[PDB]
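These notes are about the structure you will find just below.
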């Protein structure tokens, strides 16, 4: 009902800061060097860039 | 009121909010409102307010 | 007493110079290079994040409207729902809905995590390399680093070493490079204060504690729902989180030029760009004496086996008849060749096996091994693998 | 709502131009120039102050010699007068006259006056501008800041200015901008530690206050006095005090090109040259309409008197057939004349008295007296003097 206020304030829980990350980057596929080239056949994993 | 958090808990007696679809679409003051979202985290960190 | 050179400025190369003057002995030396981060003359633009619209519990005037005003918000609006006929959930001001003016405001303030939770867009200007000149000058061995521009001092043991200016400005410092948290990505900014809606960097940022952050987010306020009056400000979506989602392929990760790119001390180092010029004020103590050498006489080099190839491998037998042991420094002009060893034992009566790389199959290494020089050449063995660590040609 | 204009390097002459927004009259925006700052990409090498020779009294190794050391003092020179029986100041305490050794040592470092007393040799990079546009556009008037380059969408108060950069090196910078603290000094330094004795900044400090630091001193010791001890370290002429002698009239005092040396983030107050773009993104709905305006017609030229001359001032007139009284434009579409006034209030039915002028040699006033253009003429007679600040065209 107030368009005119005088507020009171309180803080913010769980303040975001730096941490690590246990990320599972497993072994990639098999790499045979060939006649001018080389080739790694990547297998399936979690969706990896 | 954060050295004991209950000073900030006692300054803010909570009230219901615009709970617009609590059931199917029943709307009133909802007793467990959705005030803010605190998720700016790369820690997989939602926060509900 | 002061030679000069310019080597392959990628890290992962042994430079070496077998320079001696008259009466100073043959001054072999082996220098190496380590990382040289690029980091150009960058100036940060906008500190983009999301918004937070300060929408108060708005004054529904009962028995009359509500007086309008200027807001002065970050994206501040104040919509007086004129004829805000209140029918509140256990009562609004609408004893007169006819005299009910539902003024509600909202001022788009910042993302509160912005103290380290930022993202800058450094408009990139020129910079240089920083060279970790490892040295073994004669036998004075150590490693030092330098701001690798052409006039930087080199107190290499007391020896003078100026690391000259390479002609490679081809580096990962582009026209603009946005740095997020560990985020390298060559990203361009808008007009810093005239931000486009849907801009990765939509709300501007003069500084990390900057004074104003103007931007184009469209907080759309309207006449809300009738009695349970909603918060009918409808914000334009930000591309701050979307350009976090549009933080695609990495700056160093999509780096061409083979540079190791990396965060705040903005490392673009060990690139496949440029060589290492150098001027080496050699000491008197680096060469041996004139009669100070062992009496190495009747040398003759003969290759034993030859490589493809990678690292040194190719074995030469050099029958040094010698008056005393010493250091045969081998660096005569094998420009298709290389050295596997650098200072060999100048041994009395020994057919000194020297490893040496060379990639050209009919390689004729001008073998200047510390007593003197001959032309040693033969067939390199044809190579084996197509993946290896490194090369020598 | 976008004009394209040119503000030159002379700031404070009112850059006044009628923006012909169709449907409205030509609205004279009068622009005011505050600063320019040159601001080159500096990065400090050595702050070089006077060096310090720390040397206490030496060992009188009596009954023999004294075993001196070389611990790597930075001005570490050992004056080992071994075979020097130093005949002490109150006796032959070295009772060995032959068993006496006057063996001393001395060390040196960067002298500790550099906690206020630095003189930072900022190595130079590219630089920019820093603009302060007064706008007088319509009823809008204000005086704000904008970036020097074109990339500032220079936005405040209705008005954006996208003003393309100072297209030449308005050079307030030398290649070694030695900011000797409250002044510039263009001079080539040596490297970080890459100096000589009596080099300008003989200590070399790529770290400003960091612990170790380069130097090129005049460390030369001495054997002691005849029997009594004299610390014989006779120095070089201290090149920090030489740079005290080498504080010439700086670039702020030496600025050709109208240069102004501006403060510590070393900038260019009075960037006294150049030509600058402006993209005027101002709202044209501030500009008054044609049928929103006063219908001044009957354009004729009738000059009175204009001088050699100074700031525009020349008191002439123009015929005016006004549909009401009004406050219309007056300003020229032509560089031959310079209006001392720009916008003219004209109560209807008359003429305007306009004080404007220039060097009227083959001159004609192309005065677009805002409702209509007037091609008047002026043979501006020459005045006398040669001392004043401003000009005509």
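Chain C is numbered as in Swiss-Prot; shown residues: 817-1209, in order.
Header says: electron microscopy, 6.3 Å.
Placed from the backbone N, Cα and C atoms, the Cβ positions cover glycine too.
Around the Cβ of residue C:865 (disulfide bond), 25 further Cβ atoms fall within 10 Å across all displayed protein chains. Annotation note: residue C:865 (disulfide bond) sits in a coil segment as assigned by DSSP. As annotated by Swiss-Prot, disulfide bond applies to C:865-C:930 (among others), with the evidence given as similarity to another entry.
Cβ neighbours within 10 Å of residue C:878 (disulfide bond), excluding its own Cβ and spanning all shown chains: 20. Residue C:878 (disulfide bond) carries a strand DSSP state (E or B). Summarising the annotation, Swiss-Prot assigns disulfide bond to C:878-C:910 (among others) and lists similarity to another entry as the type of evidence.
Summarising the annotation, Swiss-Prot assigns disulfide bond to C:879-C:912 (among others) and lists similarity to another entry as the type of evidence. In this structure, residue C:912 (disulfide bond) belongs to neither helix nor strand by DSSP; it is coil. Non-local contacts of residue C:912 (disulfide bond) by the CB criterion (under 8 A, 6+ apart in sequence, same chain) comprise C:878, C:879, C:880.
What Swiss-Prot records for C:884-C:894 (among others) is disulfide bond, and it gives similarity to another entry as the kind of evidence. The Cβ of residue C:884 (disulfide bond) lies under 8 Å from the Cβ of C:894, C:896, C:919, each on the same chain and at least six residues away in sequence.
Annotated region 'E1 fusion peptide loop' per Swiss-Prot: C:900-917, in sequence order, evidence recorded as similarity to another entry. Same-chain neighbours of the region 'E1 fusion peptide loop' (C:900-917): 875-882, 1039, 1042-1045, counting only residues six or more beyond its ends whose CB sits under 8 Å from a CB of the stretch.
In the shown protein chains, 12 other C-beta atoms lie within 10 A of the C-beta of residue C:957 (N-linked glycosylation site). As annotated by Swiss-Prot, N-linked glycosylation site applies to C:957, with the evidence given as similarity to another entry.
Within the same chain, residues at least 6 positions away in sequence whose Cβ sits under 8 Å from that of residue C:1087 (disulfide bond) are C:826, C:852, C:854, C:945, C:984, C:986, C:987, C:988, C:1073, C:1074, C:1075, C:1076. Residues or ranges marked as disulfide bond in Swiss-Prot (evidence: similarity to another entry): C:1075-C:1087 (among others).
Annotation source Swiss-Prot lists disulfide bond at C:1117-C:1192 (among others), citing similarity to another entry. When Cβ atoms from all protein chains are considered, those within 10 Å of residue C:1192 (disulfide bond) total 23, not counting its own.
Per Swiss-Prot, disulfide bond is recorded for C:1122-C:1196 (among others), and the stated evidence type is similarity to another entry. All protein chains included, residue C:1122 (disulfide bond) registers 23 other Cβ atoms within 10 Å of its own Cβ.
Residues or ranges marked as disulfide bond by Swiss-Prot on the basis of similarity to another entry: C:1144-C:1186 (among others). Every protein chain shown contributes to the tally, and the Cβ of residue C:1144 (disulfide bond) ends up with 29 other Cβ atoms within 10 Å.
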Round to a whole number and give the Cα-to-Cα distance in Å for the pair residue C:1117 (disulfide bond) and residue C:1186 (disulfide bond). 12
Note: in the chain of residue C:1186 (disulfide bond), residues six or more apart in sequence with C-beta under 8 angstroms of its C-beta are C:834, C:841, C:842, C:844, C:1112, C:1142, C:1143, C:1144, C:1145, C:1146, C:1159, C:1160, C:1162
Among C:930, C:1196, the disulfide-bonded residues in question, whose Cβ has the most other Cβ atoms within 10 Å in this structure? C:1196
Length of the line joining the Cα atoms of residue C:865 (disulfide bond) and residue C:910 (disulfide bond), in Å: 39
Based on Cα distances to residue C:1122 (disulfide bond), point out the closest of the disulfide-bonded residues C:910, C:930, C:1192. C:1192
Look up residue C:884 (disulfide bond) in the DSSP assignment and report helix, strand or coil. coil
Within 10 Å of its Cβ, which one of these disulfide-bonded residues (C:879, C:910) has the largest number of other Cβ atoms? C:910
I need the least crowded one of these disulfide-bonded residues (C:894, C:1075, C:1117), counting other C-beta atoms within 10 angstroms of each C-beta. C:894
Residue C:1122 (disulfide bond) - helix vs strand vs coil (DSSP): coil
